[PDB]
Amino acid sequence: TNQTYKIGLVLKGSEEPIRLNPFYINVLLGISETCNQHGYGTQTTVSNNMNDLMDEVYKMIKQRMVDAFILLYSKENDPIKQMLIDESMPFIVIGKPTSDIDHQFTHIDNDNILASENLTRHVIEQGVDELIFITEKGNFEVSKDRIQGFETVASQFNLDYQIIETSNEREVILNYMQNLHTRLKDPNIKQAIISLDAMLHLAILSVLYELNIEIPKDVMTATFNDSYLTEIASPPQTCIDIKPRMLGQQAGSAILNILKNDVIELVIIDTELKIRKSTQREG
């Protein structure tokens, strides 16, 4: 191992809704403060696409710039996870183990099936007929896990449901909600919309405002990752708190412990449902 006392933190992208995403802000704060309490510095990747991220992480390996890495995402056949495996770099992954070799490498995750099941159950407890899950593109394991938990509680209570995969584009979201507008306005059908993540959810609420689809009256809404932004959304949003500052602190501790020396295969951080106005009946 190197002797830089620095940890490289690999991000998914540099995009405006990613570097402003309260998930990454809190995860990186969690990592950095822990690292900084033990004499370790941090270096966040700034790359915005896969070929460039393969380039800039390889630079960090070859120029011996850091001692270790923390991958801030999990994906099946991740070539940059393969890079760190090929070039013998110690690392942590924030996300779900997906393979045989993943037994060797410490992962830090939430239980994303349970989190979604908890959220999906709660909306059913308020009384719904039909459910909608809205997700983002990419073969991300967090997406797969949260979809799976949603589909399981929905099937368990024999409810009708649909999955919508969308980009964050206003026009694109608008078209999807235009299609549902008439059913979303039907007073005989009780509906709930669940989004993958709060940043995507905020775009949804904006389109729902534009179409005068009122919450909770026409539809109930909920999402993942509680922060100040879901708290002061229009209306305040029911959400699963996934403790991103805790996730970061735990990843920071794990990588430090690896550099001291044993494998802890998977560390699970408990989540918490926060009930707000968007799933609460006004009477």
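Residue indices: 1-based, along the sequence shown.
Relative to one another, 228-236 and 43-51 have unequal mean CA B-factors, and 43-51 is the one with the higher figure.
Between 6-14 and 263-271, it is 6-14 that carries the larger average Cα temperature factor according to the deposited entry. Reading the B-factor column for the CA atoms of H181, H201, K75, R146 in the entry, the top value corresponds to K75. Among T166, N139, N212, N110, the highest C-alpha B-factor recorded in the PDB entry belongs to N139. The entry lists a Cα temperature factor for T106 that places it in the middle third of the chain's modelled residues. When all modelled residues of the chain are sorted by CA temperature factor, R245 is found within the lowest third. In this PDB entry, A68 carries a Cα temperature factor that places it within the middle third of its chain's modelled residues. The PDB entry assigns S206 a C-alpha temperature factor belonging to the lowest third of its chain's modelled residues. In this PDB entry, the Cα temperature factor of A251 sits in the middle third of its chain's modelled residues.
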